Amino acid sequence: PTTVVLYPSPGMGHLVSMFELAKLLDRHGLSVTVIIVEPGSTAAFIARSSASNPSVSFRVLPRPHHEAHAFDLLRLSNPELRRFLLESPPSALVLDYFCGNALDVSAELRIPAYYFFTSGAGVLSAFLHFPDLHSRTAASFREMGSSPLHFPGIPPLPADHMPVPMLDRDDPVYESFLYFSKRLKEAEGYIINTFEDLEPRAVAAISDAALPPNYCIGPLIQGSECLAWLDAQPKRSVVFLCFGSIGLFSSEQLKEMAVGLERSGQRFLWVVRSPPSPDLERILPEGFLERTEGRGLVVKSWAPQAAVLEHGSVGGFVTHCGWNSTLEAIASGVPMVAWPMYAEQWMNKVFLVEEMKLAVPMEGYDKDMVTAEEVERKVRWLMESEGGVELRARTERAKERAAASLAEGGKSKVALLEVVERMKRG
Ligand SMILES: O=c1ccn([C@@H]2O[C@H](COP(=O)(O)OP(=O)(O)O)[C@@H](O)[C@H]2O)c(=O)[nH]1
Ligand SMILES: OC[C@H]1O[C@@H](O)[C@H](O)[C@@H](O)[C@@H]1O
């Protein structure tokens, strides 16, 4: 039996993503171990995973910016990783973008090392060519502001739309990102949670045979109260608003969205978290819950978004453009309004709006605050306008081209099968 070791970077988000890949490789006959470096209870995750997928093993390495402590942990983890790999060398190693230091270990032991890139191919291209651009300027991306950055196969990118940890060149975390992007070029191959029919130009631009190959296997996709509420509403009539894992708005900004949602007159399901420093009556405009009881439902902190997006009553998604939320909207054919917030979401927004044309922006996301007028305008536009009809049509195409890529013979199933064979023969 051929054995694969998958190495996510610390963080429940990275672990959940990498586990989805572990279940696939296992499905197709590989013997999978996931390496854990600890920074929402890893222990509970390992217990549930072992009960549901016993063939996937876990190995927890002993302990030696918000990404900055992760980067230190990973570096000081190379000795423990080395030893576990010396015990039983595997046929192949699968790394996270943040796990570049492990390429030291994988080269010494002559182990084929693949990256699992959990964002799209457009982002990979930007991340591939960032060190090049770094040598060609002295300015910070923050100093450059709206000056466009030109990377292969993707729209121009305003330099302040680069990821927040990369905005100030005079910081150690900037240097680590430069470091991880360079080491991208030492890979055997790139496994990407995208499908080729979604980002053709991007997939072409990186398949230049002066770079490792790449395999497009996605979309890889990962309570009772609001699902009930949705049942009681007509088909395609609800606007779903949900802003990722940590997303946070100020009470002032929450008041603008409330006013805009109310004046749009549309039905809504809105996930609200505590502002950065949830008490809905203290935070929301007075009488807003009373007045909209009936048309809208506000849920605190967390919603079952995968189910919500699959529900037939949902007609639209105001999203922070995280890549898991974007793939889940596409697979269910839900048209989007793009309101990016942190990590690489601003970049994702550009690709979504101008390359894929699957969303329209929420103007003001780059300003101090999105206005009530704008929230109302785009909510109306999404659920009523002929432009909204045109957009659903492109989202409908995307749903079918995604579902097709995953069915037998489709382009994702064949890309999966192709890399499995290549690890078996490693
Ligand atoms: O209330 C919420 C918010 C998020 N999610 C899930 O959390 C993930 C968010 O991943 P994404 O990459 O979109 O955003 P990030 O984690 O970077 O905030 C997705 O699977 C969502 O469906 C969820 O289930 N409920
Ligand atoms: O592993 C996937 C993780 O990678 C990051 O690049 C994303 O911003 C997160 O949304 C995600 O949880």
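As the structure lists them, so they are numbered: ligands from 1, and atoms in each ligand from 1. Nothing fancy with the numbering, it's 1 onward along the sequence.
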Original post:
Should one rank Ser17, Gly223, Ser245 by closest heavy-atom distance to atom 15 (P) of ligand 1, which comes out on top?
Top reply: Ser245
Original post:
Hey, which atoms in ligand 1 end up nearer than 4.0 Å to a heavy atom of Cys242?
Top reply: 1 (O), 2 (C), 3 (C)
Original post:
Has the side chain of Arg59 got a donor or acceptor atom that lies under 3.5 Å from a matching backbone atom of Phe84?
Top reply: no
Original post:
Backbone N or O of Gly260 within a donor-acceptor pair of the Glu376 side chain at under 3.5 Å?
Top reply: no
Original post:
What atoms of ligand 1 come within less than 4.0 Å of a heavy atom belonging to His320?
Top reply: 13 (O), 14 (O), 15 (P), 18 (O)
Subject >> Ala329 backbone acceptor or donor facing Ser332 side chain under 3.5 Å >> reply: no
Subject >> Winner among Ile221, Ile246, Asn324 once heavy atoms are compared against atom 8 (C) of ligand 1 >> reply: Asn324
**OP:** Determine, for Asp26 against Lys23, whether the closest basic-nitrogen to carboxylate-oxygen distance falls under 4.0 angstrom.
**Re:** no
**OP:** Note the single closest protein heavy atom to atom 3 (C) of ligand 1, along with its residue, its atom name and the distance in Å.
**Re:** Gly244 O, 3.6 Å
Subject >> Nearest protein heavy atom under 4.0 Å from atom 23 (C) of ligand 1, yes or no >> reply: yes
**OP:** Would you please write out the protein residues whose heavy atoms approach any atom of ligand 2 to under 4.0 angstrom, listed by chain and number?
**Re:** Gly13, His14, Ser17, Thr118, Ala343, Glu344
Subject >> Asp104 bridged to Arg183 by N-O distance under 4.0 Å >> reply: yes
**OP:** Go through the steps to decide whether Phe243 and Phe249 satisfy the test ring pair (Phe, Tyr, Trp, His ring centres under 6.0 Å), and finish with yes or no.
**Re:** CA-CA 10 Å; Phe243 299 93; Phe249 290 123; 5.0 Å; yes
Original post:
Donor-acceptor pair, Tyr97 side chain versus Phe177 backbone, under 3.5 Å?
Top reply: yes
Original post:
Between CG of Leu124 and CG of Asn193, what distance do you get to the nearest 0.5 Å?
Top reply: 12.5 Å
**OP:** Before signing off on this row, confirm whether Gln305 and ligand 1 have an N or O atom pair separated by under 3.5 Å.
**Re:** yes
Subject >> Pairing of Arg377 and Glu363 as salt bridge, 4.0 angstrom limit >> reply: no
Original post:
What atoms of ligand 1 come within less than 4.0 Å of a heavy atom belonging to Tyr342?
Top reply: 15 (P), 18 (O)
Subject >> Between CE on residue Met383 and CZ on residue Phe268, distance to nearest 0.5 Å >> reply: 13.0 Å
Original post:
Could you walk me through whether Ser412 and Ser405 pass the side-chain hydrogen bond (donor to acceptor under 3.5 Å, both in side chains) check?
Top reply: CA-CA 5 Å; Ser412 295; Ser405 208; 2.8 Å; yes
Original post:
Considering only heavy atoms of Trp323, which atoms of ligand 1 have at least one such atom less than 4.0 Å away?
Top reply: 12 (O), 13 (O)
**OP:** Among all protein heavy atoms, pick out the one at the shortest distance from atom 13 (O) of ligand 1; state its residue, atom name and that distance to 0.1 Å.
**Re:** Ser325 OG, 2.7 Å
Original post:
Are any of the heavy atoms in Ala303 under 4.0 Å away from ligand 1?
Top reply: yes
Original post:
Can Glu328 be said to touch ligand 1, with heavy atoms closer than 4.0 Å?
Top reply: yes
Original post:
Does a side-chain heavy-atom distance below 4.5 Å link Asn53 with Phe19?
Top reply: yes
